[PDB]
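# Below: the sequence, then the experimentally determined structure.
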2 protein chains.
Amino acid sequence: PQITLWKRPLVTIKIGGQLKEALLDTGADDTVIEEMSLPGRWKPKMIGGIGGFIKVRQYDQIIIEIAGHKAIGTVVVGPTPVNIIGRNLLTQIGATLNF
Amino acid sequence: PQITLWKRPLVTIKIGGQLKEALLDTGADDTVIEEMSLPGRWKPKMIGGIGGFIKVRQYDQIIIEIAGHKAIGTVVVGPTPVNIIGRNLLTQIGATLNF
Ligand SMILES: CCC[C@@]1(CCc2ccccc2)CC(O)=C([C@H](CC)c2cccc(NS(=O)(=O)c3ccc(C(F)(F)F)cn3)c2)C(=O)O1
Ligand SMILES: [Cl-]
Ligand SMILES: [Cl-]
Ligand code: NA
């Protein structure tokens, strides 16, 4: 699809068999998800946003469907205003920014 | 142009007579610029992101040139770690996400 930006670019994602809403964010290096249970081990990470840094749990090789496109990659879990799909998975689904 | 997202989508902007680097951010409602002076009236605002909120100065009817395309709209100025072009100006230059 072609998504215009007059409204927030929110899509449906599926992770751990659950449907959730997430924001497509070309400004984010990483994919940040609200508190939930994921399988496997996690590693520590600090990420920066406009209001300062947060500590997150980094899970690698997680299966996630984004707007109907399959991705398998790193997701970080932490305090976030919204679920955010960042460039690490936007590249997996072939997304580009065009103008 | 067509911008892949393997790297951060940074472009040159012109604002207030100055050339700067800025991040094209489909996840940001607003355009947030690091501290600088702009002409005209402003009012205080709080904007929230990852990390929490920051206090900014809101200037309306500011013109920006973004990768050579002119746009006008509201710009907020404050202690952001990076200059961000948000949806309010991305729409004006016809930017879309495609996959
Ligand atoms: C995962 C971190 C993402 C990011 C990184 C910024 C950055 C980049 C390079 C280096 C350092 C830091 C980019 C980003 O879009 C925001 C947020 C949106 C998630 C952001 C950006 C700009 C302004 C706002 N505030 S707001 O009032 O315009 C706003 C508030 C909330 C939302 C909502 F959709 F997230 F809810 C969107 N916009 C927020 C952010 O806080 O940091
Ligand atoms: Cl505006
Ligand atoms: Cl349009
Ligand atoms: Na003004």
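Nice, thanks for sending it over. Numbering: from 1, shown residues only, chains lettered A, B, ... in the order given. Ligands and ions are numbered 1, 2, ... in the order given.

# Tell me the residues on chain A that lie near chain B, please.
Applying Cβ under 8 Å from any Cβ of the partner chain, one finds that chain A approaches chain B through A:1-6, A:8-9, A:23-29, A:32, A:47-54, A:67, A:69, A:80-81, A:84, A:87, A:90-91, A:93-99. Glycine gets a C-beta too; all of them are placed from N, C-alpha and C.

# Show me which of those residues are buried.
Among the residues of chain A next to chain B, those classed as buried by 16 or more other Cβ atoms under 10 Å in any protein chain shown are A:3, A:5, A:9, A:23-28, A:32, A:47, A:49-51, A:54, A:67, A:69, A:80-81, A:84, A:87, A:90-91, A:93, A:95-97, A:99.

# which residues of chain A fall in strands?
Secondary structure of chain A by DSSP state E: the strands cover A:2-3, A:10-15, A:18-24, A:32-33, A:43-49, A:52-66, A:69-77, A:84-85, A:96-98.

# Now do the first one: which elements does it pack against?
What that stands for is strand A:2-3. The contact analysis (3 or more Cβ pairs under 8 Å, 6 or more residues apart in numbering or on different chains; DSSP states H and E) places strand A:2-3 against strand B:96-98.

# contact partners of the strand it packs on?
Strand B:96-98 is contacted from outside by A:1-5, A:9, A:24, A:26, A:95-99, B:26, using Cβ atoms under 8 Å, 6 or more residues apart in numbering or on different chains.

# Each with direction, which strands does that strand pair with?
Using DSSP bridges, the strands paired with strand B:96-98 are strand A:2-3 (antiparallel), strand A:96-98 (antiparallel).

# quick one: is it near ligand 1?
No. Strand B:96-98 lies out of reach of ligand 1 by Cβ under 6 Å from any ligand atom, never closer than 13.5 Å.
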